[PDB]
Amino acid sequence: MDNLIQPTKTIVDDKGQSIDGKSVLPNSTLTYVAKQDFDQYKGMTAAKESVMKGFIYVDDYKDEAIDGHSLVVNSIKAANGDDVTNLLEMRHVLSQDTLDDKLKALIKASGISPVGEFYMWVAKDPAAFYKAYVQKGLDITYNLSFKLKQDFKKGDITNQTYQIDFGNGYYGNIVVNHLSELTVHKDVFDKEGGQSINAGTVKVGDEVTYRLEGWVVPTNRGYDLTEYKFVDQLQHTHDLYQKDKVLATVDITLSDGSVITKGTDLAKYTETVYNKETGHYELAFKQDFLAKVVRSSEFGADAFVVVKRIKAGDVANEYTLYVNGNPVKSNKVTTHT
C-alpha cells in the first residue's frame, strides 16, 4: 500500500486548469487543491490502537517564498460533500522546537519530514473521523490560497503535502512554480536609433527621446494579461512632451491565430494620456486586446517618448510599468542643459 496511498497537490488558474511548473507574478494568488487519500482504507478494519494515532494532513509551503500567514482556506470537504473544517484542528506550525510533544513525536515516527513552517490539520476525534470518512474511503479535498512574501523577489516556489494515517507517513508531489523577476529599463537618446546620452548635455530647444523598455512576458506562464501600462511623470518644467510611439518587441500571437511581428506599431491597441498641467504621461494597452494574447506567446512593447528641452538645469526621468497590477520601477536617467 506504500505506493497505493498517495496524497497529491496541484495549483490551478482562474479556469481551474493546472499550472504546475508555470511562472507567476509577485502579486499572484496561488490556489492549490490538495487531496488526502483514503481510497485504500475502504472496507478495512484498523486496530483501535492504530486509529488512536489519528489522521494528520500537512501542507509544507516554501516559507521563504509563500507568506504562510496569508492562507485562506476556501474549503475542506470530504468526497461525500461534507464540510469537515470543524472536525480538524488547524495548526500553523512556525517551528517544531516546542511543537505539541505528541504531534511532534507522531511526525518524527512517521517517516515524514516537513521543512521550516507548515500547516497541519489534525482529526479532533480519530475514531469518529475514521468511521465517517477513512473507513469509507472518502478522500478529503483541501482548497487553499496563499500570497507570496513581498521580499521574495525571485526564485522558485514549492508546495508539498504529507499525510499521516495511523502514524504512517506518506509523501505528496512537489508543486513548483517560478517567480518571474520583473525589471524594466529607461534610456535617454538624442534620437530613436542613436546612442545613450545619459548624464550628457542637452542644448536648450533641442529634442530628446526617452525609451521606456517594457518587460517581456514569457511563455509557459500561469496567467493571462489584464494590464500592461507605462506611467511616466515627466519633469515638465524642463521637458515639453511632443509625441509618443509604441512598438512590439517580440512576435505576438493572438487567439485568432494571427501574428503581430516584432517591430510592429501598436498604437491602435493602446490609449495615450498626457496631462499638460501636471506632466503626467500614461500609455495603457486596451484590455480587450490584452485578453487576446495566448499563453504560448510572449508579450512585450517599448514606448518612445519625444520631448523638447525648454529650460536650463538638471533633468531626470524614470518610469513605472504596471503588469497585471505589479509596479515595476525603471532606473533613472538624467541630462543637463
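All residue numbers refer to positions in the sequence shown, first residue = 1.
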| field | Entry-level comparison of average CA B-factors, 31-39 and 276-284, reporting the higher stretch | value | 276-284
| task | Look up the CA B-factors in the entry and say which stretch, 290-298 or 58-66, has the higher mean. | result | 290-298
| note | Based on the PDB entry, the highest CA temperature factor among the options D244, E227, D151, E117 is that of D151
| query | Between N198, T264, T158, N143, which one tops the list for C-alpha B-factor in the PDB entry? | reply | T264
| note | So, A105's CA B-factor, relative to its chain, sits in which third? The highest
| query | Which third, lowest, middle or highest, does the CA B-factor of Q17 fall in along this chain? | reply | highest
| Mind checking which third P218 falls in for C-alpha B-factor across the chain? | middle
| message | Using only modelled residues of the chain, where does the Cα B factor of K136 rank: lowest third, middle third or highest third? | response | highest
| request: Divide the modelled residues of the chain into thirds by Cα B-factor and specify which third, lowest, middle or highest, holds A248. | output: middle
